[PDB]
file run_19.pdb (PDB, C-alpha atoms)
ATOM      1  CA  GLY Q   1      20.483   8.972 -83.033  1.00  0.00           C
ATOM      2  CA  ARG Q   2      22.531   8.927 -79.774  1.00  0.00           C
ATOM      3  CA  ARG Q   3      20.185  11.570 -78.329  1.00  0.00           C
ATOM      4  CA  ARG Q   4      18.847  11.373 -74.730  1.00  0.00           C
ATOM      5  CA  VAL Q   5      17.721  13.896 -72.092  1.00  0.00           C
ATOM      6  CA  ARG Q   6      17.673  13.827 -68.250  1.00  0.00           C
ATOM      7  CA  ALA Q   7      14.954  15.472 -66.116  1.00  0.00           C
ATOM      8  CA  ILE Q   8      15.845  18.145 -63.539  1.00  0.00           C
ATOM      9  CA  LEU Q   9      12.249  18.601 -62.157  1.00  0.00           C
ATOM     10  CA  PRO Q  10       9.181  16.301 -61.614  1.00  0.00           C
ATOM     11  CA  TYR Q  11       6.007  16.172 -63.773  1.00  0.00           C
ATOM     12  CA  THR Q  12       2.581  14.524 -63.336  1.00  0.00           C
ATOM     13  CA  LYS Q  13       0.823  13.218 -66.467  1.00  0.00           C
ATOM     14  CA  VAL Q  14      -2.909  13.713 -67.051  1.00  0.00           C
ATOM     15  CA  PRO Q  15      -4.784  10.363 -67.410  1.00  0.00           C
ATOM     16  CA  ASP Q  16      -6.207   9.471 -70.866  1.00  0.00           C
ATOM     17  CA  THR Q  17      -3.321  11.348 -72.575  1.00  0.00           C
ATOM     18  CA  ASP Q  18      -0.189   9.952 -74.294  1.00  0.00           C
ATOM     19  CA  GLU Q  19       1.921  11.436 -71.447  1.00  0.00           C
ATOM     20  CA  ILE Q  20       4.126   9.623 -68.951  1.00  0.00           C
ATOM     21  CA  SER Q  21       4.716  10.996 -65.429  1.00  0.00           C
ATOM     22  CA  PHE Q  22       8.220  11.259 -63.948  1.00  0.00           C
ATOM     23  CA  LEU Q  23      10.166  12.685 -61.005  1.00  0.00           C
ATOM     24  CA  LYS Q  24      13.448  14.589 -60.760  1.00  0.00           C
ATOM     25  CA  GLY Q  25      15.916  11.728 -61.350  1.00  0.00           C
ATOM     26  CA  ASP Q  26      14.594  10.026 -64.540  1.00  0.00           C
ATOM     27  CA  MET Q  27      16.251   9.897 -67.992  1.00  0.00           C
ATOM     28  CA  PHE Q  28      14.578   9.573 -71.403  1.00  0.00           C
ATOM     29  CA  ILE Q  29      15.639   8.538 -74.914  1.00  0.00           C
ATOM     30  CA  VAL Q  30      14.501  10.273 -78.104  1.00  0.00           C
ATOM     31  CA  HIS Q  31      12.148   8.115 -80.144  1.00  0.00           C
ATOM     32  CA  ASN Q  32      10.311  10.913 -82.011  1.00  0.00           C
ATOM     33  CA  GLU Q  33      10.258  14.711 -82.318  1.00  0.00           C
ATOM     34  CA  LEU Q  34       7.066  16.807 -81.986  1.00  0.00           C
ATOM     35  CA  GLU Q  35       6.656  20.556 -82.422  1.00  0.00           C
ATOM     36  CA  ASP Q  36       4.651  21.965 -79.472  1.00  0.00           C
ATOM     37  CA  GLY Q  37       7.226  21.668 -76.621  1.00  0.00           C
ATOM     38  CA  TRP Q  38       6.893  17.841 -76.630  1.00  0.00           C
ATOM     39  CA  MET Q  39       8.888  14.706 -77.656  1.00  0.00           C
ATOM     40  CA  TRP Q  40       8.138  10.949 -77.766  1.00  0.00           C
ATOM     41  CA  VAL Q  41      10.468   8.877 -75.566  1.00  0.00           C
ATOM     42  CA  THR Q  42      10.784   5.795 -73.367  1.00  0.00           C
ATOM     43  CA  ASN Q  43      11.248   6.064 -69.550  1.00  0.00           C
ATOM     44  CA  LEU Q  44      13.982   3.752 -68.213  1.00  0.00           C
ATOM     45  CA  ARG Q  45      12.202   3.636 -64.790  1.00  0.00           C
ATOM     46  CA  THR Q  46       9.684   0.996 -65.981  1.00  0.00           C
ATOM     47  CA  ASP Q  47      10.251   0.878 -69.821  1.00  0.00           C
ATOM     48  CA  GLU Q  48       7.211   3.182 -70.047  1.00  0.00           C
ATOM     49  CA  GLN Q  49       6.401   4.959 -73.317  1.00  0.00           C
ATOM     50  CA  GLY Q  50       4.768   8.242 -74.316  1.00  0.00           C
ATOM     51  CA  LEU Q  51       5.377  11.994 -74.197  1.00  0.00           C
ATOM     52  CA  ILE Q  52       7.522  14.387 -72.090  1.00  0.00           C
ATOM     53  CA  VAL Q  53       7.867  18.219 -72.197  1.00  0.00           C
ATOM     54  CA  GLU Q  54      11.136  20.107 -72.947  1.00  0.00           C
ATOM     55  CA  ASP Q  55      10.449  22.668 -70.137  1.00  0.00           C
ATOM     56  CA  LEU Q  56      11.984  20.380 -67.461  1.00  0.00           C
ATOM     57  CA  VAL Q  57      15.010  18.550 -69.018  1.00  0.00           C
ATOM     58  CA  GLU Q  58      18.786  18.786 -69.788  1.00  0.00           C
ATOM     59  CA  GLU Q  59      20.458  17.795 -73.106  1.00  0.00           C
ATOM     60  CA  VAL Q  60      22.614  15.002 -71.656  1.00  0.00           C
ATOM     61  CA  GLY Q  61      24.903  12.839 -73.846  1.00  0.00           C
ATOM     62  CA  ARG Q  62      24.528   9.635 -71.731  1.00  0.00           C
TER
END
call {"tool": "encode", "arguments": {"input": "run_19.pdb", "output": "structure tokens"}}
result
Amino acid sequence: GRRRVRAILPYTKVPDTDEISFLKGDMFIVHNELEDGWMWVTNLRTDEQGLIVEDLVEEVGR
């Protein structure tokens, strides 16, 4: 473990998906790996849970 990422751009989720929306300024924690540009996380903003895309993040060690 000890894997997290930080956003550097915003993203809207679709409704009725497993996505979570975020803005530039959030951080996420790895909770599962997926294989289509996507990962399962939690969002420290509101303890929200679901998916985020690797297109918009940095590989932080925090």
call {"tool": "closest_residue", "arguments": {"input": "run_19.pdb", "among": "Q:14, Q:7, Q:51, Q:44", "to": "residue 31 (chain Q)", "atoms": "only C-alpha atoms"}}
result
Q:51
call {"tool": "residues_near_point", "arguments": {"input": "run_19.pdb", "point": "(19.4, 15.2, -73.2)", "cutoff": "10 Å", "atoms": "all atoms listed in the file", "output": "ChimeraX atom specification"}}
result
/Q:2-7,27-30,54,57-62
call {"tool": "atom_distance", "arguments": {"input": "run_19.pdb", "atom1": "CA of residue 56 (chain Q)", "atom2": "CA of residue 8 (chain Q)"}}
result
5.9 Å
call {"tool": "closest_residue", "arguments": {"input": "run_19.pdb", "among": "Q:53, Q:10, Q:15, Q:47", "to": "residue 35 (chain Q)", "atoms": "only C-alpha atoms"}}
result
Q:53
call {"tool": "axis_aligned_box", "arguments": {"input": "run_19.pdb", "around": "region 45-61 of chain Q", "padding_each_side": "8 Å", "output": "AutoDock Vina command-line options"}}
result
--center_x 14.8 --center_y 11.8 --center_z -69.6 --size_x 36.1 --size_y 37.8 --size_z 25.5
call {"tool": "resolve_selection", "arguments": {"input": "run_19.pdb", "expression": "the PyMOL selection byres ((chain Q and resi 21) around 9)", "output": "VMD selection string"}}
result
chain Q and resid 10 to 14 19 to 20 22 to 23 51 to 52
call {"tool": "closest_residue", "arguments": {"input": "run_19.pdb", "among": "Q:24, Q:48, Q:41, Q:33", "to": "residue 9 (chain Q)", "atoms": "all atoms listed in the file"}}
result
Q:24
call {"tool": "atom_distance", "arguments": {"input": "run_19.pdb", "atom1": "CA of residue 16 (chain Q)", "atom2": "CA of residue 55 (chain Q)"}}
result
21.3 Å
